[PDB]
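Student: After the structure tokens below, expect a handful of questions from me.
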DNA sequence: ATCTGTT
Ligand SMILES: Cc1nc(N(C)C(=O)Cc2ccc(-c3ccccn3)cc2)sc1S(N)(=O)=O
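Residue numbers (PDB author numbering), protein chains in the order written: chain C, 15 to 385; chain P, 1011 to 1045; chain H, 33 to 582; chain W, 639 to 882.
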């Protein structure tokens, strides 16, 4: 068919920035295995006609066939970390930043990628080094090289030596420096070799907050298995790409909404336990083999998010309009006005009423047609 | 208080500095011992 | 549970976000942006009598509410969605805000508002308000109010302007942003592609060059003359570096969070000759914004106001009704008077140190607190119940003889006594305001020649095994102890202790923990010395520990 | 005490000085494993009686006499900064000398006379214990006072104290940025205002722990309703947002 | 009557 696109959030035990830079520069002296924590798969649209709610559900459920092994032949994967992109304007600000890109076409590469995505084994640096895409990988680290070069050379450029042949133009120094600098592998490798500390410090500021321990993830997105999988995947990856009406909500709201997505259960032979959170191996194996990461359970969360948000807003808006209209045209004293304000607001949003409303919007099936 | 009895002592003074025409409270004690 | 306690507070914050985002994107005209010549003109003045009339644009958004109503979730969502700068009016407020924000998802360090616009140590001892000013305009325009505010705060403003203009390499223009723009123009790239990466490569640039949305928390304790200064400072900085946002013609947006009822600000002054301290009340920022007519018309406060009601903690009826009556200024009836009669008790009951143990006493003076503390310390000795001891420690102050001579010469009045001057200046030499509530003894002073100094020495009394608080930023050194066995195991199991420290001494923390663990062995047999412990289980433990060690 | 009376693991294991990060991590992991194993063995041996056993471990040898602590030298131990929102306990005072504090005082302060005079006559340090139970030594509090008269600035005085406070009594103005659990108020007739009463009566969550010496609603007081009028008039505006 | 900003 067509290359399937994949976005992979990746992590490693150690210093992720140093290992990534060593991988990029080909200085195979600090590379380490990479663990894939979360991912999402999609196919290019190719058709403007917006499919109905029951068409995209089926199309998406056809991807995660029955074992988390995506259906396809050739794959295009983008490995990324935490951080916020700069220079872009939208409704909200981003939460992740791409790091590099690889293409898997051969049989061996496809088998390795499927094994990594199904069970959870780490990927050795050999495959990543061999399958890297140079033209697209280095289109990202293009302006940073120029900025770092200018900052390093920013020692006073007098450009007035004159003499016999040293009388280069005021603007000629920067022009020549730009011309002689290659915005590719060579420039980055030389800068790393000669100015390692400054380069590392500069890179650690564009990817703020990219080095966290497993307990941080467990505390933020856990402690439940269903939450730990679904909420992580939606909040970090799909929310910005899909860009619906739920892209301006914070993490607490998303967890609250997920609490109502009640679907059948099936206990596992065993769970994860403490004293193993010193590495990403146990958490990765636990997450990749879950039953919420494939099938019809993972193909129908975003639709429920949209439906629930719309259902809540529908009633909230009408109640607010009624209250405001009544408030704006009442002629009474202060005591009566305060009494009315608090009485109306209590009558609308008392605890039992909220409990009933919440019990009225609970689903027991991922299929939109059988909700 | 909740199902109890409250007994208080009050005074009214006729001096110019205190007030007069006004009632003042001195202390409050509980009287619920002999239920 | 915890799902229906956030239902109504998470659907009502969207309009606030929409309005703030709309406000923070409007563009100014080309004939309104302050130029860099205005500050050069100001820096070359001697008295505030030569200031002309000028305007500095800005915009505001108010968030007022009762204490305990839940206005923090708004800041949480704003930080998570928008790009802003979060500050605080004091140190406690900043620490609480950082705790919340970092406990939710993620955050950077949080500082005060004084550190943001360049407040130094010396400015703490300036004289505020010496030159007369009289409003001239019938309902004064914005320029009149701005000039009055700049005249009130003259010393700090002038010093900051001089320092900022001189420190920028004299007349050498800063090259942090200009070189990148020149290179981008030469190479023919998209606008803003290379300049916006300046903060990443330079790690000392101020935060006011990064965003134009400023959040001020607990703004009720700030004086009204600080609404202008901040604004002023912003423009100046952005005119010096020529930042990317200065070229797009944007203006600051100030989001002020507070409560206008249970908060006030005070101003004090010192009068020489008689050596007297005078304190009074003034206006704060929220009242300035709400009450003034010109500001109300300029900032359009009707479309930029959100109000939080409700209280989450009250579970009583009459108490809530009384609180509402007191807050909203309703008339007082006899039912409230009858209700409030349950809490009264004689004063001698309260002032006895043997009644109501562990309760806090609120007075209205610095002398009653001292008297009660002395009474309590005297009582804790003779009528001892154990596990409470009282001891004393010395404190001291050094003076300057030459500087005292100079001050006396400048102020005249040759006849002066060190004791009287020190007694008069008791409220200003110290660092914190609780120095007057301490139980201290008789004063004593001496003169040490050779070094030509005068030293005053005194004693202060403290209790043992009592809870205290640190009113300052002091460095501390950890040197042992971890509690009971279970607590020690729990602390060692999790790595949060490592993460709390900065990302520079992880190896140091590991080494310290390793040393403590190494010294933590032995003494197990002292535990085994418990009477009536065992006979053979001791040998079983011996064998087990030997096998484990092998 | 058997042949392994002193945990002969000591006499057969000598954990020498540390090394590069890898060696430090390996040693730390091995020590954690050993400590956890020995603790598990002992807990299985005895249990609850062992769980609450007293414990104390220090980098060096320390002794306590009355209200004083005698120790050799404070070598090692990571430095840190004390926060103003944390709770501590007053353990005592010590006369041990620390090089870091003295060197910092020499560095930051250019006043050599004060430093020398303090060196001739020393001051004690304060020893505290935090919530979790880690003994800490805290530095002294030094402040500088320079006056400004007319347009001249003169440095005049320096103060040296400890800078700790107790939450057992305070004024009413200070408590406007605090929260309490039990309160006992004390008004004074003659200068009573209603706002002071409102601020003082709202420091606690409930009314079961409140006391006072007079009734402020039956006495004479001053009122000023200017902000309340504006707030009430803003609630009838259809353009103001109200959040429950 | 009266508080808090600065490594
Ligand atoms: C049956 C009922 N329960 C009601 N609750 C829970 C409340 O008022 C809750 C509350 C709301 C605001 C405050 C407050 C406190 C200080 C300053 C301003 N405001 C206190 C408490 S209200 C009603 S009723 N009789 O109006 O319908």
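Heads up, the beta-carbon is just placed ideally off N, CA and C, and yes, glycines get one too.
Flag this pair as touching only if the stretch 765-782 of chain W and the stretch 738-757 of chain W have three or more C-beta atom pairs under 8 Å; answer yes or no.
Tutor: Here the stretch 765-782 of chain W lies against the stretch 738-757 of chain W, with 3 or more beta-carbon pairs under 8 Å apart.
Student: Output the boundary residues of the alpha helix (DSSP H) element that contains residue 94 of chain C.
Tutor: Locating residue 94 of chain C in the first chain gives position 80, where the first residue counts as 1. Here residue 94 of chain C belongs to no alpha helix (DSSP H); instead the beta strand (DSSP E) covers 89-96.
Student: For residue 420 of chain H, count neighbouring C-beta atoms within 10 Å of its own C-beta (all shown protein chains included) and say buried if the count is 16 or more, exposed if not.
Tutor: Position 388 of the third chain, counted from the first residue, corresponds to residue 420 of chain H. Burial call: exposed.
Student: Please decide whether residue 1033 of chain P counts as near chain W, where near means a Cβ-Cβ distance under 8 Å.
Tutor: In the second chain, counting from the first residue as 1, residue 1033 of chain P sits at position 23. Closer than 8 Å to some Cβ of chain W, the Cβ of residue 1033 of chain P qualifies, so yes.
Student: Taking the alpha-carbon positions, what's the residue 670 of chain W to residue 549 of chain H distance?
Tutor: For the purposes of this step, residue 670 of chain W is identified with residue 32 of the fourth chain, where counting begins at 1. For the purposes of this step, residue 549 of chain H is identified with residue 517 of the third chain, where counting begins at 1. Cα to Cα, the separation comes out at about 8 Å.
Student: Report buried or exposed for residue 347 of chain H, applying the criterion of at least 16 other Cβ atoms within 10 angstroms of its Cβ.
Tutor: The residue you call residue 347 of chain H lines up with position 315 of the third chain. It counts as exposed.
Student: For residue 820 of chain W, which three-state DSSP category applies?
Tutor: Walking along the fourth chain from the start, residue 820 of chain W turns up at place 182. DSSP places residue 820 of chain W in coil when its eight states are reduced to three.
Student: Taking 7 Å as the limit between beta carbons, can you name the residues of its chain near residue 269 of chain C, skipping five residues before and five after?
Tutor: Taking the first chain and counting its residues from 1, one reaches residue 269 of chain C at position 255. Cβ within range, chain order: 241 and 245.
Student: Nearest to residue 218 of chain H by alpha carbon, out of C:373, C:193 and C:205?
Tutor: On the third chain, residue 218 of chain H is found 186 positions in, with the first residue counted as 1. Considering only alpha carbons, the answer is C:193.
Student: Output yes if chain C places a C-beta closer than 8 Å to the C-beta of residue 368 of chain H; else output no.
Tutor: The residue you call residue 368 of chain H lines up with position 336 of the third chain. Closer than 8 Å to the CB of residue 368 of chain H there is not a single CB belonging to chain C.
Student: Of all Cβ atoms in chain W, is any one closer than 8 Å to the Cβ of residue 146 of chain H?
Tutor: Here residue 146 of chain H is taken as the residue at index 114 of the third chain, counted from 1. So no, residue 146 of chain H is outside the interface.
Student: So that I know if they touch, is there some Cβ in chain H lying closer than 8 Å to that of residue 1 of chain C?
Tutor: Beyond the ends of chain C as shown, which are 15 and 385, falls residue 1 of chain C; an answer cannot be given.
Student: Hey, does residue 1011 of chain P have any beta-carbon neighbour from chain H nearer than 8 Å?
Tutor: Locating residue 1011 of chain P in the second chain gives position 1, where the first residue counts as 1. By this cut-off, residue 1011 of chain P is an interface position.
Student: Hey, out of W:882, W:871, W:768 and W:880, whose CA is closest to residue 323 of chain H's CA?
Tutor: Taking the third chain and counting its residues from 1, one reaches residue 323 of chain H at position 291. The option with the nearest alpha carbon to residue 323 of chain H is W:871.
Student: Could you give the first and the last residue of the continuous alpha helix (DSSP H) run that contains residue 186 of chain H?
Tutor: Sequence index remark: in the third chain, residue 186 of chain H carries index 154 (1-based). Residues 186-199.
Student: Exposed or buried, residue 554 of chain H, counting other C-beta atoms within 10 Å across all chains shown (16 or more means buried)?
Tutor: Here the question's residue 554 of chain H lines up with position 522 in the third chain. Residue 554 of chain H is exposed by the Cβ-count criterion.
Student: Can at least three beta-carbon pairs, one atom from the stretch 333-346 of chain H and one from the stretch 860-877 of chain W, be found at a separation below 8 Å?
Tutor: The way I'd put it, the stretch 333-346 of chain H does touch the stretch 860-877 of chain W; three or more beta-carbon pairs between them come closer than 8 Å.
Student: Pick from W:823, W:700, W:679 and W:837: whose alpha carbon is nearest that of residue 391 of chain H?
Tutor: Taking the third chain and counting its residues from 1, one reaches residue 391 of chain H at position 359. When each option's Cα is compared against that of residue 391 of chain H, the closest is W:823.
Student: Applying a beta-carbon distance threshold of less than 8 Å, which residues of chain W neighbour residue 341 of chain C?
Tutor: By one-based count along the first chain, residue 341 of chain C stands at place 327. Result: 873, 874 and 876.
Student: Give the DSSP bridge partners of residue 808 of chain W, in chain order.
Tutor: For the purposes of this step, residue 808 of chain W is taken as the residue at position 170 of the fourth chain. According to DSSP, which records beta bridges pairwise, residue 808 of chain W is partnered with H:394.
Student: Can you list, in chain order, the residues of its chain whose CB lies under 7 Å from that of residue 265 of chain C, leaving out five sequence neighbours each side?
Tutor: Here residue 265 of chain C refers to the residue found at position 251 of the first chain. Closer than 7 Å at Cβ, skipping near neighbours: 249.
Student: Measuring straight from C-alpha to C-alpha, what distance separates residue 349 of chain H and residue 873 of chain W?
Tutor: Residue 349 of chain H sits at position 317 when you count from the first residue of the third chain. Residue 873 of chain W sits at position 235 when you count from the first residue of the fourth chain. Cα-Cα distance, rounded: 23 Å.
Student: Does the distance between the C-beta of residue 360 of chain C and the nearest non-hydrogen atom of ligand 1 fall short of 7 Å?
Tutor: Here residue 360 of chain C is taken as the residue at index 346 of the first chain, counted from 1. The answer is yes for residue 360 of chain C.
Student: Alpha carbons only, please: which of C:221, C:200, C:385 and C:79 is nearest the one belonging to residue 30 of chain C?
Tutor: Stepping through the first chain from its first residue, residue 30 of chain C is reached at position 16. Of all alpha-carbon atoms in C:221, C:200, C:385 and C:79, the one lying nearest the alpha-carbon of residue 30 of chain C is that of C:221.
Student: Show which residues of chain C have a CB atom less than 8 Å away from the CB atom of residue 113 of chain H.
Tutor: Locating residue 113 of chain H in the third chain gives position 81, counting from the first residue. Correct list: 106, 107, 262 and 264.
Student: Under 7 Å from any heavy atom of ligand 1, does the C-beta of residue 839 of chain W make it?
Tutor: Along the fourth chain, one-based indexing puts residue 839 of chain W at 201. It does not: the Cβ of residue 839 of chain W is nowhere closer than 7 Å to a heavy atom of ligand 1.
Student: Which residues bound the alpha helix (DSSP H) around residue 206 of chain C?
Tutor: Position 192 of the first chain, counting from 1, holds the residue named residue 206 of chain C. That run of the alpha helix (DSSP H) goes 199-208.
Student: Assuming contact is defined by CB atoms lying nearer than 8 Å, are residue 25 of chain H and residue 344 of chain H in contact in what I supplied?
Tutor: No answer is possible for residue 25 of chain H: it lies beyond the span of chain H, which begins at 33 and ends at 582.
Student: Cβ of residue 378 of chain H less than 8 Å from any chain P Cβ?
Tutor: Taking the first residue of the third chain as 1, we reach residue 378 of chain H at position 346. By this cut-off, residue 378 of chain H is an interface position.
Student: Closer than 8 Å, CB to CB, is residue 746 of chain W near chain P or not?
Tutor: On the fourth chain, position 108 is the one that residue 746 of chain W refers to. Closer than 8 Å: no.
Student: Please list, in chain order, the chain P residues whose beta carbon lies closer than 9 Å to that of residue 374 of chain H.
Tutor: By one-based count along the third chain, residue 374 of chain H stands at place 342. What residue 374 of chain H touches in chain P: 1011, 1016, 1018 and 1038.
Student: For residue 493 of chain H, list the residues DSSP reports as bridge partners.
Tutor: The sequence position of residue 493 of chain H within the third chain is 461, counting from 1. Paired residues: H:424.
Student: What does residue 967 of chain P pair with, by DSSP beta-bridge criteria?
Tutor: No answer is possible for residue 967 of chain P: the residues shown for chain P start at 1011 and end at 1045.
Student: Cα separation between residue 41 of chain C and residue 213 of chain C?
Tutor: Numbered from its first residue, the first chain carries residue 41 of chain C at position 27. Numbered from its first residue, the first chain carries residue 213 of chain C at position 199. The alpha-carbon atoms of residue 41 of chain C and residue 213 of chain C are separated by roughly 15 Å.
Student: When we look at the beta-carbon of residue 676 of chain W and count the other beta-carbons within 10 Å, is it buried (16 or more) or exposed?
Tutor: If you number the fourth chain from 1, residue 676 of chain W lands on position 38. By the Cβ-count criterion, residue 676 of chain W is buried, with 16 or more other Cβ atoms from all chains shown falling within 10 Å of its own Cβ.
Student: For the alpha helix (DSSP H) that contains residue 142 of chain H, what are its first and last residues?
Tutor: Mapped onto the third chain, residue 142 of chain H falls at position 110. Taken as a continuous stretch (DSSP letters only), residue 142 of chain H belongs to no alpha helix (DSSP H), as it is neither H nor E.
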